[PDB]
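Here's the structure we're looking at; comments come further down.
When we count neighbours, we look across all protein chains shown, and the Cβ atoms used for this are built from the backbone with ideal geometry, even at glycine. Each reported figure results from applying straightforward, stated rules to the coordinates on display, with no laboratory input.
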Amino acid sequence: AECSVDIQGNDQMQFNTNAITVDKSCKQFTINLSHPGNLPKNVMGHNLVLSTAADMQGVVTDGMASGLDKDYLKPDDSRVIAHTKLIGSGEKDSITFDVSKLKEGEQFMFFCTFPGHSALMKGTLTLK
Ligand SMILES: [Cu+2]
């Protein structure tokens, strides 16, 4: 199966998918994030961050408090499974992670931790 997806985050706080499926036969999986907006990352920065459903808002909350200098992620946050960098207008970033870090049956989420964004910028990730 394929083991990559391309996702965009825009100037109206939206990702271009609501749900990511990872094929259970993948060993690694790569997420190619890009920002087709025009706004700087200072006001419209996006990352794509993975965690369990339960852990998402703790990551978001602690992340908000951590500043642009830390990509709006609390340092050494063990709840984060994998993530891109935080990017602004016209940038792109890709991450490849071990799919062994995910498990069938488990409800994962992807989201952006930039202050305020998660309200809209989130979706499910499922190993299937
Ligand atoms: Cu964002």
Just 110, 97, 15 to compare: in a GNM of the chain, with alpha carbon springs under 10 Å, which one fluctuates most?
-> 97
Mind checking which of 84, 29, 113 is farthest towards the positive end of the chain's charge dipole, using Cβ charges of +1 (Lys, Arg) and -1 (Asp, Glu) about the Cα centre?
-> 29
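Restricting the count to DSSP beta bridges whose residues both fall in the chain, what percent are antiparallel, rounded to a multiple of 5?
Details: 19 of 28 bridges.
Once the DSSP bridges in the chain are tallied, antiparallel ones form about 70 percent.
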Pairs of alpha carbons in the chain whose separation is greater than 23 Å (percent) = 24
How many nm separate the modelled label positions at residue 100 and residue 126, each set 7 Å beyond the Cα in the direction of the Cβ?
-> 2.6
Can you work out the PRE-style zone for residue 52? Point 7 Å along Cα to Cβ, and I want the residues of region 78-105 with backbone N under 20 Å.
-> 78-83, 98-105
What dipole magnitude, in Debye to the nearest 20, does region 1-73 give about its Cα centre under +1 on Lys/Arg Cβ and -1 on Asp/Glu Cβ?
-> 60
Out of 75, 115, 40, a Gaussian network model of the chain with alpha-carbon springs under 10 Å gives the largest mean-square fluctuation to 75
Helix-only [θ] at 222 nm, the chain, -39500 (n - 2.57) per DSSP H run of 4+, per residue, nearest 500, equals -2500 deg cm²/dmol
Under unit Cβ charges (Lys, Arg +1; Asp, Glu -1), what dipole magnitude, rounded to 20 debye, does the chain have relative to its Cα centre?
-> 100
Between 123, 15, 65, whose Cα lies farthest towards the positive end of the dipole of the chain when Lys and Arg beta carbons carry +1 and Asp and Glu beta carbons carry -1, centred on the Cα centre?
-> 123
